[PDB]
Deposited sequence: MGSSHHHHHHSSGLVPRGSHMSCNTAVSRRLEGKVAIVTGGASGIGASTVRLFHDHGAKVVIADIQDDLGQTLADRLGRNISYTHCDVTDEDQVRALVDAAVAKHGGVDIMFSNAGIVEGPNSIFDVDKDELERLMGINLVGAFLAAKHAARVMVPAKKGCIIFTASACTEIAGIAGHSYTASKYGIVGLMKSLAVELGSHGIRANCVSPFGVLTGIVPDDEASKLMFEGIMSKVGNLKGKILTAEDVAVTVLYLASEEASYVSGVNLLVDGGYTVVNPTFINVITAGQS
């Protein structure tokens, strides 16, 4: 139990990466507040896990709801040690011709502006306590192109920049900020990832990402801050096209 007594907020934690982090955060002894718009999954998950895991409906585009979410966790557990800003919507690779302004602004509002508000209100409770961790979910697209849509990539770069500015401002008060950038998080999707991944014999699951958030959130990373930690099996470090052409013709 690597977070006994700690208090964690997980936005976007009723499915996906957020839901496995909630389960993991729970196995290691944290108190966790689930914040999501998926009210049915969110409440069912919070009820299955026990008393230290409660659900609160929060649209992270609405600052009133975000402020209420942080205020209520501080009313209930006395403070916020971990903010995991995981809410967002995804976009596979597309064209700049596909980009619609209304949809771009809708995505920016959930992915990027939701992270500002999560950060702004966690910092508001952590700074006077002089401790805390903020973790954002970015994406491997922040390091290599060709795996995500244009709008999604821009919003995820913005999160990295916000995370690094937070790391400076909040470092003065003992507070850490970091990002985790996964890559390729049913059956039709395994075989492609087996073809696409740089590291072989290993498929990335949501549970694996949750483990990396556990590291960054814990006191095993007590001096880690400002880091966008990639979980991509090396995918981002290689362009294999050149080697494929030398090998194909020879």
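- Unmodelled regions of the deposited chain, listed from N- to C-terminal end, are 1 to 28, 214 to 224, 290.
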